[PDB]
There are 2 protein chains.
Amino acid sequence: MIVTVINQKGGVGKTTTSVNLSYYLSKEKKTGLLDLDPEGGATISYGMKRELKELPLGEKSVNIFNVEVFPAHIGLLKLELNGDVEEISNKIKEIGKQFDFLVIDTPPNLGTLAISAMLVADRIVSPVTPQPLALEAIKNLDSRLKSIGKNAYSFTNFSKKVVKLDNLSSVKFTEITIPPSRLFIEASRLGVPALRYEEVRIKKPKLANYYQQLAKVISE
Amino acid sequence: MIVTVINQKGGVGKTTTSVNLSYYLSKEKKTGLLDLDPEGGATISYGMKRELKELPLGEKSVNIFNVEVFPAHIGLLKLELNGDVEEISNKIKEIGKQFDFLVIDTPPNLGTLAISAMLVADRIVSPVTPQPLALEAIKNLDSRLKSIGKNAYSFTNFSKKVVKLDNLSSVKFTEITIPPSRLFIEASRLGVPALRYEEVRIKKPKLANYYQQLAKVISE
Ligand SMILES: Nc1ncnc2c1ncn2[C@@H]1O[C@H](COP(=O)(O)OP(=O)(O)NP(=O)(O)O)[C@@H](O)[C@H]1O
Ligand SMILES: Nc1ncnc2c1ncn2[C@@H]1O[C@H](COP(=O)(O)OP(=O)(O)NP(=O)(O)O)[C@@H](O)[C@H]1O
Ligand SMILES: [Mg+2]
Ligand SMILES: [Mg+2]
Ligand SMILES: [Mg+2]
Ligand SMILES: [Mg+2]
């Protein structure tokens, strides 16, 4: 199963979702994380730096915290400029064949990598925020997804109350809402998944429920 | 500079010392960590698993938390038996030339990998706990150190009180003592160096003073 996390707007929580969903899924299924953002947010979130080599897509990977992380690298930049959507899509599918779950983190744009990951995805996951630009982006995702007739699952981040938009037929808003929490800030500073930092940091973990609900709603 | 962490007694703190000293050094100098224990304590402390491949010594490495970590692998086993001591020594020097600091974790024994790491070390560090068996271990470590024309710095772990011993001349006894702290246990649970975890977990990190003392004493 290929799960791609998409949002045109930056800072909405794409990397956090990819990191924690892949970490949650790796608890009982063989999971990989493909960092298609050239800036390597997910790579940094697993304690690594983006590779200063032009690697082919999917070549280099490290098993960290039971997730097979494919670190971001400068080669992606080239693909972001010259890449063929068909070729990149096929490579992503060949990569996904080795995992029960391949979570793909994508850049905050509508570029080649994001479009390829969005096209090959079995599940498309988008976080929405109370911020205005995220609302514009969720409506744009609904329109462009309407065109090729694919669906996404939207959940809410940076909020205690769900954000839902009316007359977006291609975007299923779940009831999941992830409130502001400096657990995420501390875990990202440390360079580990927040789901993993939580098991040590607090007595009663609370973030595991969000990602269990996400995996629940998207699975099969 | 090559720093080798040595103790034949198990569970005294070899891996904690290797992991945290290499991490501390990584803040200012190009630092690597060479895991020469086939059970891979340092590797696990950097969120990884020992490789189920018989690798040549020093081939695989991952930059985790700014440390170039050479994960343990099953190929160490063969090298423990049939490893040419001079070959292994030259390979370790070969590896360490690329770093300002190469911290080396060793198994709890006297075998070929450990003894090579002792031979080509610029500094050897030994943690001693106030347990009864640890004193015999530091004793016979002095016997080992004289037999190879080498000398080592000793500090105390799991204690507010320093351990020193009068009789042994190849073992310089520092005043450095590291008290029992639940930070190390929480960090091993996480699979990160305790220094990094502490720098994210509390307002005023305080474990770094011990490893600063260690760096100061071993670099004079
Ligand atoms: N619910 C939350 N509460 C508090 N901080 C959060 C939350 N979710 C995410 N963050 C933090 O907000 C920052 C940005 O989140 P991030 O996951 O990088 O979004 P992003 O979409 O990947 N940014 P980008 O890849 O550049 O488009 C990170 O430092 C996260 O740790
Ligand atoms: N000062 C300390 N306070 C509390 N726990 C500690 C302290 N130092 C080490 N530990 C813990 O003690 C355990 C054993 O330490 P470790 O660093 O693995 O020693 P070791 O010599 O490498 N074990 P081994 O490779 O089998 O000989 C680990 O779980 C550490 O986190
Ligand atoms: Mg990101
Ligand atoms: Mg592997
Ligand atoms: Mg050890
Ligand atoms: Mg490298």
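These values consider heavy atoms only, across backbone and side chains, with no hydrogens, waters or symmetry-generated copies. We name chains A, B, ... by the order of the sequence lines, and we start the count at 1 in each one.
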Side chains of A:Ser116 and A:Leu36: closer than 4.5 Å at any heavy-atom pair?
no
Using a 3.5 Å distance criterion without hydrogens, assess whether the side chain of A:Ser22 forms a donor-acceptor pair with backbone atoms of A:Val19.
yes
Salt bridge (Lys or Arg N to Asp or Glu O under 4.0 Å) involving B:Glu94 - partner list, sequence neighbours excluded:
none
Nearest heavy atoms of B:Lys206 and B:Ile202, plus distance in Å
N-CD1, 4.3 Å
Could you check whether any side-chain N or O of A:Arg196 sits under 3.5 Å from a backbone N or O of B:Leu190, counting only pairs where one atom can act as donor and the other as acceptor?
yes
Between A:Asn157 and A:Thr129, does a side chain to side chain donor-acceptor pair (under 3.5 Å) hold up when you go through it step by step?
CA-CA 5 Å; A:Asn157 194 48; A:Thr129 82; over 6 Å; no
Tell me whether A:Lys60 at atom NZ has more than 12 heavy atoms from other residues, nucleotides or ligands lying less than 6.0 Å away.
yes
Donor-acceptor pairs are to be reported for all side-chain atoms of residues 176-186 of chain B against protein atoms at under 3.5 Å, with residues two or more places apart or in another chain.
unit_1   : atom_1 : unit_2   : atom_2 : d
B:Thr177 : OG1    : B:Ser159 : O      : 2.8
B:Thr177 : OG1    : B:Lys161 : O      : 3.4
B:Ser181 : OG     : B:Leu183 : N      : 3.3
B:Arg182 : NH1    : B:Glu186 : OE2    : 3.3
B:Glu186 : OE1    : B:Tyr197 : OH     : 2.4

Euclidean distance, A:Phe101 CZ relative to A:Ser26 OG, rounded to 0.5 Å:
11.0 Å
Would you say the side-chain atoms of B:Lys49 and A:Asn63 include a donor-acceptor pair closer than 3.5 Å?
yes
For A:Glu68 and A:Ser61, does a side-chain donor sit closer than 3.5 Å to a side-chain acceptor?
yes
So, A:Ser154 side chain and A:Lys172 main chain: donor-acceptor pair closer than 3.5 Å or not?
no
What pairs with B:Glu28 under salt bridge (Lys or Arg N to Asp or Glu O under 4.0 Å), at least two apart in sequence or on another chain?
none
Hey, is the main chain of A:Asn151 close enough, under 3.5 Å, to the side chain of A:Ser170 for a donor-acceptor pair?
no
Looking at residues at least two apart in the chain, or sitting in another chain, which of them share a side chain to side chain donor-acceptor pair (under 3.5 Å) with A:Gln98?
none
Check against side chain to side chain contact (heavy atoms under 4.5 Å, CB included), A:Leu119 and A:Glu86:
CA-CA 10 Å; A:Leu119 292 170; A:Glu86 174 176 344; over 6 Å; no
Test side chain to side chain contact (heavy atoms under 4.5 Å, CB included) applied to A:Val62 and B:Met48, step by step
CA-CA 8 Å; A:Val62 187; B:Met48 303 192 281; 4.0 Å; yes
Beyond-backbone contact of A:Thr106 with A:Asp37, side-chain heavy atoms, under 4.5 angstrom
no
Looking only at non-hydrogen atoms, find the nearest pair between B:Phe65 and A:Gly191 and report the distance.
CE2-O, 3.6 Å
Return a table of donor-acceptor pairs under 3.5 angstrom between the side chains of residues 2-12 of chain B and protein atoms on other chains or two or more places apart.
unit_1 : atom_1 : unit_2   : atom_2 : d
B:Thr4 : OG1    : B:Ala117 : O      : 2.9
B:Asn7 : OD1    : B:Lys9   : N      : 2.9
B:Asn7 : ND2    : B:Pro127 : O      : 2.6

Any non-hydrogen side-chain atom of B:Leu57 less than 4.5 Å from a side-chain atom of B:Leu76?
yes
If you measure from CD1 on A:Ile64 to CG on A:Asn66, what distance do you get to the nearest 0.5 Å?
11.0 Å
Would you say the side chain of B:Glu39 lies within less than 4.5 Å of the side chain of B:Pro107, judging by non-hydrogen atoms?
no
Check the pair A:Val171 / A:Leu165 against side chain to side chain contact (heavy atoms under 4.5 Å, CB included), numbers first and verdict last.
CA-CA 9 Å; A:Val171 169; A:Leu165 284 77; over 6 Å; no
Rounded distance (nearest 0.5 Å) linking atom CE of B:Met1 with atom NZ of B:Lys29:
11.0 Å
What closest approach, in Å, do A:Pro56 and A:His73 show between heavy atoms, and which atom pair accounts for it?
O-NE2, 4.1 Å
Minimum heavy-atom separation for A:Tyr153 to A:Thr174, with atom names?
CD2-CG2, 4.4 Å
Measure from the side-chain N and O atoms of B:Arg123 to the backbone N and O of B:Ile218, and report whether any donor-acceptor pair falls under 3.5 Å.
yes
Spell out, as yes or no, whether a donor-acceptor pair under 3.5 Å connects the side chain of A:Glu198 to the backbone of A:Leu207.
yes
Evaluate the side-chain proximity of A:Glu87 to A:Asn90: yes if any heavy-atom separation is below 4.5 Å, no if none is.
no
Between B:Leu102 and B:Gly96, the two heavy atoms sitting closest are CD2-CA, 3.7 Å
Measure from NZ or CZ of A:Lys30 to the centre of the six-membered ring of A:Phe99, then state whether that distance is under 6.0 Å and the direction lies within 45° of the axis.
yes
Min side-chain heavy-atom separation A:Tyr46-A:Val192 under 4.5 Å:
no
Would a 4.5 Å heavy-atom cut-off, applied to side chains only, mark B:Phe70 and B:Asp35 as touching?
no
Got a donor-acceptor contact below 3.5 angstrom from the B:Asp105 side chain to the B:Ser18 backbone?
no
Sequence-distant partners of A:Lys53, salt bridge (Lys or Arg N to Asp or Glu O under 4.0 Å), two or more places apart:
A:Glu51
Indicate yes or no for a side-chain donor-acceptor contact from A:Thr43 to the backbone of A:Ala72 under 3.5 Å, with no hydrogens or angles considered.
yes
Atom CG in A:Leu145, atom NZ in A:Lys150: separation rounded to 0.5 Å?
8.5 Å
Any ion pair linking B:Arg189 and A:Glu199 (charged N to carboxylate O, less than 4.0 Å)?
yes
What distance do A:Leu135 atom CG and A:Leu168 atom CG have between them, rounded to the nearest 0.5 Å?
9.5 Å
Passes side chain to side chain contact (heavy atoms under 4.5 Å, CB included), A:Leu79 versus A:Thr112? Steps please.
CA-CA 7 Å; A:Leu79 301 176; A:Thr112 311; 5.9 Å; no
Can you check whether B:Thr31 reaches B:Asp100 side chain to side chain, under 4.5 Å on heavy atoms?
no
Donor-acceptor pair, distance only, cut-off 3.5 Å: does the side chain of B:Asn20 make one with the backbone of B:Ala194?
yes
Using the rule side chain to side chain contact (heavy atoms under 4.5 Å, CB included), only one of A:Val67, A:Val103, A:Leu33 pairs with A:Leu25; which is it?
A:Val103
What's the spacing between B:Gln212 CD and B:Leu195 CG if we round to 0.5 Å?
11.0 Å
Carboxylate-amine/guanidinium proximity below 4.0 Å for B:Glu54 and B:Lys78:
no
